[PDB]
Amino acid sequence: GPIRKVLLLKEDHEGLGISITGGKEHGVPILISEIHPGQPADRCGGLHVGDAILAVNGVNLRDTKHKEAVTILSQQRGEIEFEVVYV
Amino acid sequence: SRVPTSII
């Protein structure tokens, strides 16, 4: 589908509210495999299970290994911009 | 199963 930009608002006591799979070392993108009900990704409205995360806050995740993506994603705070695509 | 999942 089309590449989309999505805004998520996270408070500091919360995580993003997603599970991710994949990573460059596995030859698969960083994919959203779960969205937790009531947590920030669900509340933002614009993210879906099956979305590939292409970037977050301008940081490219297309070529990142699984744990690299975990570190980068967990570091983001507050108003967080995602670039995503559903294939 | 080959591919890991992390809750974040």
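Readers should treat all values here as calculations from the given coordinates under stated rules, not as data from a laboratory. Heads up, the Cβs are rebuilt from the backbone with ideal geometry, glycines too, and the neighbour counts pull from every protein chain shown.
Provide the three semi-axes, in whole Å and in decreasing order, of the ellipsoid equivalent to the stretch A:1-57 as defined by the square roots of 5 times the Cα gyration tensor eigenvalues.
Ellipsoid semi-axes (Å, largest first): 20, 13, 11.
How large is the charge dipole for chain A, taken about the Cα centre, if only the Cβ atoms of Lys, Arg (+1) and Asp, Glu (-1) carry charge, to the nearest 20 debye?
200
If each of A:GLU79 and B:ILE7 carries a label point 7 Å out from its Cα toward its Cβ, how far apart are those two points in nm?
About 3.1 nm, to one decimal.
Could you work out the local net charge near A:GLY1, counting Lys and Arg as +1, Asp and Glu as -1, over the other residues with Cβ closer than 14 Å to its Cβ? Provide the component values of the computation, followed by the final result.
Working: positive: A:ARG4, A:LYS5; negative: A:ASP51, A:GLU83.
Around A:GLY1, the charge tally is 0.
Residue by residue through the stretch A:47-52, which ³J(HN,Hα) values in whole Hz follow from phi under the Karplus form 6.51 cos²θ - 1.76 cosθ + 1.60 (θ = phi - 60°), with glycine and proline marked x?
Values, residue by residue: 10, 9, 4, x, 4, 8 Hz.
Over chain A, what relative contact order in percent results from Cα pairs under 8 Å that are six or more residues apart?
It comes to 41 percent, rounded to a whole number.
So how tilted is helix A:66-75 from the main axis of chain A? Cα-based, degrees 0 to 90, rounded to 10.
Compared with the principal axis, the helix lies near 30 degrees.
Take the stretch A:37-86, compute every pairwise Cα distance, and split them into 5 Å bins from 0; I just need the percent in each bin.
With a bin width of 5 Å, the distribution comes to 5, 19, 30, 30, 14, 3.
On the Cα set of the protein assembly as shown, report Rg and Dmax in Å, please.
Looking at the protein assembly as shown, its Cα Rg and Dmax stand at 12.0, 33 Å.
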